[PDB]
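Here is the file target.txt (compact mmCIF, N, CA and C atoms).
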# COMPACT_ATOMS: atom_id res chain seq x y z
N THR Z 1 107.47 57.87 89.77
CA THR Z 1 106.20 57.98 90.45
C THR Z 1 105.64 59.40 90.31
N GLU Z 2 104.31 59.50 90.32
CA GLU Z 2 103.66 60.78 90.06
C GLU Z 2 104.18 61.88 90.97
N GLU Z 3 104.44 61.55 92.24
CA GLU Z 3 104.95 62.56 93.16
C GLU Z 3 106.31 63.07 92.71
N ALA Z 4 107.17 62.18 92.21
CA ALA Z 4 108.49 62.61 91.75
C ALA Z 4 108.38 63.51 90.52
N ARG Z 5 107.52 63.14 89.57
CA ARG Z 5 107.34 63.97 88.39
C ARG Z 5 106.78 65.34 88.76
N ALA Z 6 105.87 65.38 89.74
CA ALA Z 6 105.34 66.66 90.20
C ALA Z 6 106.41 67.49 90.89
N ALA Z 7 107.23 66.87 91.73
CA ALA Z 7 108.25 67.61 92.46
C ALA Z 7 109.31 68.16 91.52
N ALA Z 8 109.75 67.36 90.55
CA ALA Z 8 110.79 67.83 89.64
C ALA Z 8 110.33 69.04 88.84
N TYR Z 9 109.08 69.03 88.39
CA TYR Z 9 108.47 70.16 87.70
C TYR Z 9 107.00 70.28 88.09
N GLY A 1 124.18 50.42 110.37
CA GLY A 1 125.38 50.40 111.25
C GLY A 1 126.62 49.91 110.52
N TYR A 2 127.31 50.84 109.87
CA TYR A 2 128.51 50.52 109.11
C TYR A 2 129.15 51.82 108.63
N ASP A 3 130.45 51.76 108.36
CA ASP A 3 131.13 52.91 107.79
C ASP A 3 130.59 53.20 106.40
N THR A 4 130.64 54.46 106.01
CA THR A 4 130.03 54.89 104.76
C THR A 4 130.67 54.15 103.59
N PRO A 5 129.90 53.43 102.77
CA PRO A 5 130.50 52.77 101.61
C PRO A 5 130.99 53.78 100.59
N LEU A 6 132.07 53.40 99.90
CA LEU A 6 132.68 54.26 98.89
C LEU A 6 132.91 53.46 97.62
N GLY A 7 132.66 54.10 96.48
CA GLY A 7 132.85 53.46 95.19
C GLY A 7 131.55 52.96 94.59
N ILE A 8 131.61 51.87 93.82
CA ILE A 8 130.41 51.30 93.21
C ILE A 8 129.63 50.44 94.18
N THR A 9 130.03 50.38 95.44
CA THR A 9 129.28 49.68 96.47
C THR A 9 128.27 50.58 97.17
N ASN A 10 128.13 51.83 96.72
CA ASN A 10 127.15 52.76 97.25
C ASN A 10 126.12 53.07 96.17
N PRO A 11 124.81 52.99 96.47
CA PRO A 11 124.19 52.68 97.76
C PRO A 11 124.30 51.20 98.11
N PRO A 12 124.14 50.85 99.39
CA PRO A 12 124.29 49.44 99.78
C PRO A 12 123.30 48.55 99.04
N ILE A 13 123.75 47.35 98.70
CA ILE A 13 122.96 46.45 97.87
C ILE A 13 121.72 45.97 98.61
N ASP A 14 121.84 45.72 99.92
CA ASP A 14 120.70 45.21 100.68
C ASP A 14 119.55 46.20 100.68
N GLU A 15 119.84 47.49 100.86
CA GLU A 15 118.79 48.49 100.84
C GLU A 15 118.12 48.58 99.47
N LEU A 16 118.87 48.32 98.40
CA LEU A 16 118.27 48.27 97.07
C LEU A 16 117.35 47.06 96.94
N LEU A 17 117.84 45.88 97.33
CA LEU A 17 117.03 44.67 97.23
C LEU A 17 115.79 44.74 98.12
N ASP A 18 115.80 45.59 99.15
CA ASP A 18 114.61 45.75 99.97
C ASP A 18 113.43 46.28 99.17
N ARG A 19 113.67 46.88 98.01
CA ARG A 19 112.61 47.47 97.20
C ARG A 19 112.25 46.66 95.97
N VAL A 20 113.06 45.68 95.58
CA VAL A 20 112.81 44.86 94.41
C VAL A 20 112.68 43.41 94.84
N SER A 21 111.88 42.65 94.09
CA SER A 21 111.62 41.26 94.46
C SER A 21 112.90 40.43 94.43
N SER A 22 113.72 40.60 93.39
CA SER A 22 114.95 39.84 93.27
C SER A 22 115.96 40.66 92.47
N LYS A 23 117.24 40.30 92.63
CA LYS A 23 118.30 41.03 91.95
C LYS A 23 118.14 40.98 90.44
N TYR A 24 117.60 39.89 89.91
CA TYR A 24 117.36 39.81 88.47
C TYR A 24 116.37 40.87 88.02
N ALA A 25 115.41 41.23 88.87
CA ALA A 25 114.52 42.34 88.56
C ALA A 25 115.21 43.68 88.78
N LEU A 26 116.09 43.77 89.78
CA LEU A 26 116.76 45.03 90.08
C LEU A 26 117.67 45.46 88.93
N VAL A 27 118.36 44.50 88.31
CA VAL A 27 119.28 44.86 87.23
C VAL A 27 118.52 45.53 86.09
N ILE A 28 117.37 44.98 85.70
CA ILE A 28 116.56 45.60 84.66
C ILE A 28 115.97 46.92 85.15
N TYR A 29 115.50 46.94 86.40
CA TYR A 29 114.95 48.16 86.97
C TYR A 29 115.94 49.31 86.86
N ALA A 30 117.23 49.02 87.04
CA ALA A 30 118.24 50.06 86.95
C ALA A 30 118.64 50.35 85.51
N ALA A 31 118.75 49.31 84.68
CA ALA A 31 119.22 49.49 83.31
C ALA A 31 118.23 50.31 82.48
N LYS A 32 116.93 50.03 82.61
CA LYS A 32 115.96 50.78 81.83
C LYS A 32 115.96 52.25 82.22
N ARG A 33 116.06 52.54 83.52
CA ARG A 33 116.11 53.93 83.95
C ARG A 33 117.40 54.60 83.49
N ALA A 34 118.51 53.86 83.48
CA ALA A 34 119.75 54.42 82.96
C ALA A 34 119.60 54.79 81.49
N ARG A 35 118.96 53.92 80.71
CA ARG A 35 118.71 54.23 79.30
C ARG A 35 117.83 55.46 79.16
N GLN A 36 116.80 55.58 80.00
CA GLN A 36 115.93 56.75 79.93
C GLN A 36 116.70 58.03 80.24
N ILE A 37 117.55 58.00 81.27
CA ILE A 37 118.34 59.17 81.62
C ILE A 37 119.30 59.53 80.49
N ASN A 38 119.93 58.52 79.90
CA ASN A 38 120.86 58.78 78.80
C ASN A 38 120.14 59.40 77.61
N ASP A 39 118.94 58.90 77.30
CA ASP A 39 118.16 59.49 76.22
C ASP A 39 117.78 60.93 76.54
N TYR A 40 117.41 61.21 77.79
CA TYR A 40 117.08 62.58 78.17
C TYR A 40 118.28 63.50 77.98
N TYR A 41 119.47 63.06 78.41
CA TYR A 41 120.66 63.88 78.22
C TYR A 41 120.95 64.08 76.73
N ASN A 42 120.79 63.03 75.93
CA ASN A 42 121.05 63.15 74.50
C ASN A 42 120.10 64.15 73.85
N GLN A 43 118.83 64.14 74.26
CA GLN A 43 117.83 65.04 73.70
C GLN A 43 117.77 66.38 74.42
N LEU A 44 118.64 66.60 75.41
CA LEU A 44 118.64 67.88 76.12
C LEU A 44 118.85 69.04 75.16
N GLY A 45 119.68 68.85 74.13
CA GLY A 45 119.97 69.95 73.22
C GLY A 45 118.72 70.48 72.54
N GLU A 46 117.90 69.59 72.00
CA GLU A 46 116.65 70.00 71.36
C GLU A 46 115.76 68.79 71.10
N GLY A 47 114.50 68.88 71.51
CA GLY A 47 113.56 67.80 71.31
C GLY A 47 112.45 67.86 72.35
N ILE A 48 111.40 67.09 72.08
CA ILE A 48 110.27 67.03 73.00
C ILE A 48 110.71 66.41 74.31
N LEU A 49 110.28 67.01 75.42
CA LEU A 49 110.66 66.54 76.76
C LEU A 49 109.72 65.41 77.20
N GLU A 50 109.67 64.36 76.38
CA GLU A 50 108.86 63.19 76.73
C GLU A 50 109.55 62.35 77.79
N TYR A 51 110.87 62.22 77.72
CA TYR A 51 111.64 61.51 78.73
C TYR A 51 112.08 62.50 79.80
N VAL A 52 111.68 62.26 81.04
CA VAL A 52 112.00 63.15 82.15
C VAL A 52 113.37 62.76 82.70
N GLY A 53 114.24 63.75 82.84
CA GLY A 53 115.61 63.52 83.26
C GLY A 53 115.71 63.01 84.68
N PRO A 54 116.92 63.04 85.24
CA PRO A 54 117.12 62.50 86.58
C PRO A 54 116.27 63.23 87.61
N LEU A 55 115.78 62.47 88.59
CA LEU A 55 114.98 63.06 89.67
C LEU A 55 115.89 63.64 90.75
N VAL A 56 116.74 62.80 91.34
CA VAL A 56 117.69 63.28 92.33
C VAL A 56 118.78 64.06 91.62
N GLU A 57 119.14 65.21 92.18
CA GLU A 57 120.12 66.08 91.55
C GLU A 57 121.44 65.34 91.39
N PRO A 58 121.99 65.22 90.19
CA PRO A 58 123.22 64.45 90.01
C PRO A 58 124.44 65.20 90.52
N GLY A 59 125.54 64.46 90.66
CA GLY A 59 126.81 65.03 91.06
C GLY A 59 127.58 65.55 89.86
N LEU A 60 128.86 65.83 90.11
CA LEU A 60 129.75 66.33 89.06
C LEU A 60 130.11 65.18 88.13
N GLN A 61 129.42 65.10 86.99
CA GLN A 61 129.68 64.09 85.97
C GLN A 61 129.53 62.68 86.55
N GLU A 62 128.29 62.39 86.95
CA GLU A 62 127.93 61.09 87.49
C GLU A 62 127.29 60.23 86.40
N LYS A 63 127.69 58.97 86.34
CA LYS A 63 127.20 58.09 85.29
C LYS A 63 125.69 57.93 85.41
N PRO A 64 124.99 57.75 84.28
CA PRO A 64 123.53 57.58 84.36
C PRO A 64 123.11 56.37 85.18
N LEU A 65 123.88 55.29 85.17
CA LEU A 65 123.52 54.12 85.96
C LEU A 65 123.60 54.41 87.45
N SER A 66 124.63 55.15 87.87
CA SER A 66 124.73 55.52 89.28
C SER A 66 123.56 56.39 89.71
N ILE A 67 123.16 57.34 88.86
CA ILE A 67 122.01 58.18 89.17
C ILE A 67 120.75 57.33 89.26
N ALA A 68 120.60 56.37 88.34
CA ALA A 68 119.43 55.49 88.38
C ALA A 68 119.38 54.72 89.69
N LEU A 69 120.52 54.16 90.11
CA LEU A 69 120.55 53.42 91.37
C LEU A 69 120.23 54.33 92.55
N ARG A 70 120.80 55.54 92.56
CA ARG A 70 120.58 56.44 93.69
C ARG A 70 119.11 56.85 93.79
N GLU A 71 118.46 57.10 92.65
CA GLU A 71 117.05 57.48 92.68
C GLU A 71 116.14 56.28 92.90
N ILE A 72 116.60 55.07 92.61
CA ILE A 72 115.86 53.88 93.02
C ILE A 72 115.91 53.74 94.54
N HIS A 73 117.09 53.94 95.13
CA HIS A 73 117.24 53.83 96.58
C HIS A 73 116.47 54.90 97.33
N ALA A 74 116.19 56.04 96.69
CA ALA A 74 115.49 57.14 97.34
C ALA A 74 113.98 57.02 97.24
N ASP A 75 113.47 55.94 96.63
CA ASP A 75 112.03 55.71 96.52
C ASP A 75 111.36 56.78 95.67
N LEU A 76 111.90 57.00 94.47
CA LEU A 76 111.35 57.95 93.52
C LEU A 76 110.85 57.30 92.24
N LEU A 77 110.98 55.98 92.11
CA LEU A 77 110.59 55.26 90.91
C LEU A 77 109.59 54.16 91.25
N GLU A 78 108.78 53.81 90.25
CA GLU A 78 107.84 52.70 90.35
C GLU A 78 108.02 51.80 89.14
N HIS A 79 108.01 50.49 89.38
CA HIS A 79 108.18 49.51 88.31
C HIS A 79 107.13 48.42 88.45
N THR A 80 106.69 47.89 87.31
CA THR A 80 105.75 46.79 87.25
C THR A 80 106.41 45.62 86.54
N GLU A 81 106.34 44.44 87.14
CA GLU A 81 107.07 43.28 86.65
C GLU A 81 106.25 42.57 85.58
N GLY A 82 106.89 42.21 84.48
CA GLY A 82 106.21 41.50 83.42
C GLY A 82 105.92 40.06 83.79
N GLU A 83 104.82 39.54 83.23
CA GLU A 83 104.39 38.15 83.45
C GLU A 83 104.71 37.64 84.84
The structure given in the file should be rewritten as structure tokens.
Amino acid sequence: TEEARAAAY
Amino acid sequence: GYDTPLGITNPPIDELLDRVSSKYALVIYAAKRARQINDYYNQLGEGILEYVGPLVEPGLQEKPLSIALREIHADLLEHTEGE
């Protein structure tokens, strides 16, 4: 999910 | 309400099925993400970072399938069911 991709990097 | 599960019974299966329509969908949901994580690890040495590695920080030499299940249980993935 977009939030996970944003949080990881 | 239960003692902490240990082994391949963690995370609990019911909490996983709470997020997928049926176990037949859950198996693919986990297998495809495991393949993606394995490809990311294989290309870690050198290559375009098109495949994003594990979201939840993995443990000491944790199998890609276990990481996939743990990050599915943590509500970090989205899947769309075919047909």
For chain Z against chain A, with a cut-off of 6.5 Å and counting all atoms listed in the file, what is the closest atom pair and its distance in Å to one decimal for every residue that makes the cut, ordered by chain and number, as JSON lines?
{"residue": "Z:1", "atom": "N", "partner": "A:77", "partner_atom": "CA", "distance": 4.2}
{"residue": "Z:4", "atom": "CA", "partner": "A:76", "partner_atom": "CA", "distance": 5.7}
{"residue": "Z:8", "atom": "CA", "partner": "A:55", "partner_atom": "CA", "distance": 6.3}
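CA of residue 51 in chain A to CA of residue 37 in chain A spans 7.7 Å [interatomic distance, one decimal].
The two atoms in question, atom C of residue 5 in chain Z and CA of residue 49 in chain A, are spaced 12.7 Å apart.
Among A:8, A:13, A:2, A:19, the residue with the shortest atom-to-atom distance to residue 65 in chain A, counting only C-alpha atoms, is A:8.
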So which residues are close to (118.3, 49.3, 96.5), meaning at most 8 Å away in the file's coordinates with all atoms listed in the file counted, and can you show them as number ranges by chain?
-> A: 11-20, 26, 69-70, 72-74
Just how far from CA of residue 68 in chain A is atom C of residue 33 in chain A, in Å to one decimal?
-> 5.4 Å
Expected answer as a ChimeraX atom specification: helix (DSSP H, G or I) residues in range 4-80 of chain A | /A:13-17,23-42,64-73
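Considering the residues A:83, A:71, A:63, A:10 and counting only C-alpha atoms, residue 29 in chain A has its shortest atom-to-atom contact with A:71.
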For range 1-8 of chain Z, I'd like the enclosing box, axis-aligned and padded by 6 Å on every side, reported as lines of an AutoDock Vina configuration file with centre and edge lengths in Å to one decimal.
center_x = 107.2
center_y = 63.5
center_z = 90.8
size_x = 19.1
size_y = 23.2
size_z = 16.8
